[PDB]
Amino acid sequence: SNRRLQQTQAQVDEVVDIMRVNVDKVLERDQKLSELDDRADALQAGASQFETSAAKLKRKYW
Amino acid sequence: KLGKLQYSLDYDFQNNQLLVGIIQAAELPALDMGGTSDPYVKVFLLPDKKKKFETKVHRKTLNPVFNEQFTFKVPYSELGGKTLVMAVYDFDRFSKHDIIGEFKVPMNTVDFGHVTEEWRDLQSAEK
Amino acid sequence: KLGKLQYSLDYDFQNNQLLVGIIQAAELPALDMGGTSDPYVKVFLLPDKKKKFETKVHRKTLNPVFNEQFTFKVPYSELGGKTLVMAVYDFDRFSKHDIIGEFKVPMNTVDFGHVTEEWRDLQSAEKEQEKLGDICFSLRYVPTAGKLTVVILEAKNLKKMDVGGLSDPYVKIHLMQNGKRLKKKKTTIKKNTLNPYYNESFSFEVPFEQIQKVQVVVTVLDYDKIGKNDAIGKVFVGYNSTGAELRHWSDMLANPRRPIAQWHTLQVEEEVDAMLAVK
Amino acid sequence: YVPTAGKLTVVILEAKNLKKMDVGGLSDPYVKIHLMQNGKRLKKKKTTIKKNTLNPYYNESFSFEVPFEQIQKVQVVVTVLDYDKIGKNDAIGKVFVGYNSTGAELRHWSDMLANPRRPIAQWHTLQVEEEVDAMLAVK
Amino acid sequence: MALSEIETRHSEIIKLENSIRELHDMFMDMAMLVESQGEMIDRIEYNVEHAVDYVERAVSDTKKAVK
Amino acid sequence: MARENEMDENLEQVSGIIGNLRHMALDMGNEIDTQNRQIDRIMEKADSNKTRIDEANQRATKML
Amino acid sequence: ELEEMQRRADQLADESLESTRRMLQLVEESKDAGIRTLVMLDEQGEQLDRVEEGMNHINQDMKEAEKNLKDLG
Ligand SMILES: [Mg+2]
Ligand SMILES: [Mg+2]
Ligand SMILES: [Mg+2]
Ligand SMILES: [Mg+2]
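Caption draft 1: Representation of the side chain of F:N57 within the structure. Note that F:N57 resides in helix α1 (residues 2–62). The class for F:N57 is buried, based on a relative accessible area of 9%. One polar contact links F:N57 to A:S53, side chain to side chain, over a distance of 3.3 Å.

Caption draft 2: Representation of the coordination of the magnesium ion (ligand 4). Residues and elements named next belong to chain D. Ligation of the magnesium ion (ligand 4) by protein atoms is provided by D22 (OD), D22 (OD), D82 (OD) and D84 (OD), these donors lying 2.2 to 2.7 Å from the ion. Each donor residue of the magnesium ion (ligand 4) lies on one chain, and together they are spaced D-x59-D-x1-D. Overall, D82 belongs to the buried group, its relative accessible area being 3%.

Caption draft 3: Fine view of the sheet that holds strand β6 (residues 84–90) of chain B. An order of β4-β3-β6-β7 (chain B) is seen for the four strands of this open sheet, with the pairing classed as antiparallel. Either end of the sheet is taken by a strand with one partner, and the two such strands are β4 (53–54) and β7 (99–105) of chain B.

Caption draft 4: Representation of the packing of aromatic side chains in the model. Scanning the model with the defined rule gives 20 aromatic pairs over all chains in all. Centroid distance B:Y11 to B:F13: 4.8 Å. Interplanar angle 75 degrees. Geometry classified as edge-to-face. For B:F13, a relative accessible area of 44% gives the class partly exposed. Aromatic ring contacts, followed pair by pair, group B:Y11, B:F13, B:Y76 and B:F112 into a single cluster. The positively charged end of B:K42 is found above the aromatic ring belonging to B:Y89, 4.1 Å away from the centroid. Lying over the aromatic face of D:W123, D:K16 brings its terminal NZ or CZ to 5.5 Å of the ring centre.

Caption draft 5: Broad picture of the pairing of strand β3 (residues 40–46) of chain D. Residues and elements named next belong to chain D. Sheet topology note: the strand β2 (residues 29–37)/β3 ladder contains six bridges and is antiparallel. Counterpart to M36 in the pairing with β3 is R41. Once β2 ends, the chain turns through two residues before running back antiparallel as β3, passing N38 with a positive phi of about 55 degrees.

Caption draft 6: The interface of chain E and chain G, seen in detail. Of the residues lining the interface, 31 residues belong to chain E; the matching set on chain G comes to 35 residues. Both faces considered, chain E and chain G share a buried interface measuring about 3000 Å² in area, 72% of it formed by carbon and sulfur atoms. Counting the contacts that link chain E with chain G gives five salt bridges. G:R22 serves as the salt-bridge partner of E:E17, at 2.8 Å between the closest nitrogen and oxygen. Linking chain E to chain G there are eight residue pairs in polar contact. Considered class by class, the residues forming the side of chain E that touches chain G number 18 nonpolar, five polar and eight charged.

Caption draft 7: Quick peek at the nonpolar core. Ranked by internal contacts, the top residues of the largest apolar core, which has 39 residues, are A:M19, E:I20, E:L23, E:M30, F:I18, F:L21 and F:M28. Elements supplying a minimum of two residues to this core: α1 (2–61) of chain A, β10 (147–156) of chain C, α1 (3–66) of chain E, α1 of chain F together with α1 (2–72) of chain G. Ranked by residue count, the leading element in this core is α1(F), at ten residues. Not counting chain neighbours up to four residues away, the residues in contact with E:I20 comprise A:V12, F:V14, F:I18, G:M23, G:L26 and G:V27. A:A47, E:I44, F:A60 and F:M63 belong to the second largest nonpolar core, which has 34 residues in total.

Rules used in this analysis
- Residues numbered from 1 in each chain as written, not as in the entry; some residues may be left out.
- Chains lettered and ligands numbered in written order.
- Part of a larger assembly, values for the part shown.
- Heavy atoms only, no water.
- Residues with missing side-chain atoms left out of burial classes, pairs and counts.
- Helix = DSSP H or I, 4+ residues; strand = E, 2+ residues; numbered from the N terminus.
- Buried < 20%, exposed > 50% of the residue type's maximum accessible area, 1.4 Å probe, protein only.
- Polar contact = N/O pair within 3.5 Å; in protein donor to acceptor, adjacent residues only side chain to side chain.
- Donors = N, O, S within 2.8 Å, 3.2 Å for Na, K, Ca; no water.
- Pairing = 2+ DSSP bridges.
- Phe/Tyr/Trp six-rings, centres within 6.5 Å; stacked < 30°, edge-to-face > 60°.
- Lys NZ or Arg CZ within 6 Å of the ring centre and 35° of its normal.
- Contact = heavy atoms within 4.5 Å.
- Buried area = accessible area lost by both parts, 1.4 Å probe.
- Salt bridge = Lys/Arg side-chain N within 4 Å of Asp/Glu carboxyl O.
- Nonpolar A, V, L, I, M, F, W, Y, C, P; charged D, E, K, R; others polar.
- Core = buried A, V, L, I, M, F, W, Y, C linked by side-chain atoms within 4.5 Å.

Structural data, given as structure tokens:
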């Protein structure tokens with residue numbers, strides 16, 4: 001019964017076509033996550049600086 | 001302080017209708033005896049208060065999950081100047097159903113094209 | 001300890017048939033009144049239990065001599081992956097004929113070419129769990145919000161429930177406390193499947209102060225439209241749980257804001273419900 | 001327990017701080033020993049009845065025929081009860097050691113196993129009959 | 001049938017095995033990438049929580065400073 | 001025919017497993033998409049707060 | 001020629017068989033890899049949610065700080 005063989009083959013091909021797209025989307029996710037990582041590091045750096053300045057200002061105007 | 005609300009929003013251009021999905025709500029304040037309220041959400045188009053849609057009443061949960069969907073047959077041109085209202089109500093069998101919260105969404109701030117779905121903090125309704 | 005068994009084995013290539021000869025047995029333990037048992041040997045091909053051959057019943061001897069012969073019309077190619085079973089039975093006129101012993105011979109260890117004939121010590125016949133099914137799911141609990149996320153992933157090797165076919169499984173989840181069934185959930189019904197895949201998430205409101213006093217009961221059942229729906233298997237995790245279940249629970253506790261997936265072996269509902277009626 | 005002869009020697013020594021069962025006075029305690037398996041009560045033994053005592057002293061030995069092949073599948077149930085002539089005799093407390101046992105009980109059991117041809121004495125805390133019997137109905 | 005039918009059967013079967021293998025490798029790569037990205041998210045959340053702490057303390061200080 | 005049938009059973013099981021793999025791939029991809037949208041949101045908010053905190057820090061150090 | 005032909009046919013049969021077995025193993029590995037992948041997706045998802053709540057908190061706090069700095073100036 002070649003019908004089942006070829007049908008299963010078509011299933012496999014379909015799932016492959018799904019998975020490669022999924023993989024590319026995952027790569028895009030890796031890019032976005034990396035940039036988010038850099039942005040977060042910069043964010044916490046600025047946060048610490050602003051915290052220090054806030055300490056000075058509290059020790060000034062109170 | 002009442003809690004947050006997760007909802008979904010998107011527009012079907014094939015049928016020219018607005019698809020508003022009420023996913024769930026969280027951290028709602030308790031107003032009933034058992035320590036939990038009986039919440040249900042009323043949703044309607046903000047511009048005209050006609051044909052308001054109400055969800056099913058959930059018993060005694062401060063984290064109700066509705067997962068319901070409503071359709072507003074409104075053209076895409078009129079949609080831009082139309083707002084959405086989602087208000088959370090507390091059910092009471094022997095008295096007026098007190099409003100827990102409300103939320104308004106301008107359709108000019110909404111971006112259609114990708115299926116939108118977000119959490120937004122509830123606020124106290126205006127007198 | 002029962003005794004030994006002398007048998008003969010050889011293959012006739014001219015007729016393409018296996019020649020199994022039962023010579024005799026010795027030092028068999030006595031199970032009958034007179035001080036001697038009534039032994040008879042059942043011999044059949046190990047691979048498929050079809051057309052089993054039985055010897056004549058000898059009266060009251062612990063050293064029976066059968067000197068009988070049996071022929072298994074089996075090709076030489078199929079023979080290699082076929083085993084031989086010789087089990088010694090005790091005859092009783094008014095009850096079930098108890099098995100005295102048994103012996104299995106792999107046909108890949110057997111060397112044909114010379115006529116084989118040997119004595120082999122008898123051993124006690126094997127009587128494991130019947131279900132042999134497993135259910136896999138993930139547990140996630142974050143203590144702050146008190147949310148319990150039970151995601152039914154997938155079951156495998158489930159017991160057949162339908163006649164001449166696979167089963168129609170569905171997962172029912174109960175949440176118990178002090179013997180009471182609080183919440184009731186269920187999944188989609190996957191029809192005709194040996195290994196059902198659901199990937200369905202459920203959430204429960206469980207406070208941090210009662211986390212050590214809750215029971216999570218996962219049950220895999222079969223679905224027929226007509227009549228009562230039977231049950232394939234069930235397992236429980238949480239309060240008064242043991243084994244890999246308590247382990248998975250402790251992993252859920254030790255790892256907050258993170259879901260841990262694990263497999264579990266299905267137990268009979270009687271024992272489980274007997275455990276849940278405790279305390 | 002000595003594995004060779006399969007003899008189990010349970011010697012009831014003494015109870016203490018038992019719950020009052022009689023009105024305006026001490027209790028009349030006696031020890032009943034059951035040997036269970038698969039939920040069935042096989043052997044039944046009991047001791048002498050010590051009257052009006054806060055801490056009953058028995059020092060009474062009992063022996064049971066337990067094969068070495070079933071040592072991991074036996075239940076020993078010790079019950080302290082109160083004795084009134086008239087009517088049903090109530091129960092003060094009960095504990096069990098052996099199959100499906102936990103706590104200091106399983107410990108004492110394991111000490112009996114690890115130390116053959118030698119008796120190990122130990123104390124045990126009395127539990128309610130409901131929970132214990134609920135544990136014995138398991139498996 | 002014949003040897004042609006068996007040969008074509010065998011060929012298409014091998015083809016299926018290779019497609020299956022590619023699918024497999026794709027799943028493996030998937031799990032890999034998702035894991036590494038998981039570690040990335042770990043350090044992101046770390047930096048974020050630190051930032052939150054710093055911001056909170058800063059806000060407290062300014063709030064006490066103005067009044 | 002036993003050789004052939006045995007193989008047939010194998011191919012059927014492979015078929016079922018492949019179907020399940022399809023479903024899993026769909027769920028996987030979908031959730032990946034939604035999470036990507038969420039990440040976009042996160043970077044928008046993070047850039048917003050970055051600007052907020054830079055301007056605020058400058059204004060704060062200005063009064064020093 | 002004939003014997004070698006029959007043996008060839010049976011050979012191809014066996015080869016295809018063990019091939020299908022290899023397929024079963026491969027789709028099993030694929031299956032499990034997929035499962036753990038989904039698990040990772042759930043975990044990292046919740047982590048992303050916590051990140052979002054973090055961002056919101058930061059926004060509100062910096063809004064208040066902005067208010068105080070505008071009240072001080
Ligand atoms: Mg009410
Ligand atoms: Mg007899
Ligand atoms: Mg059925
Ligand atoms: Mg008395």
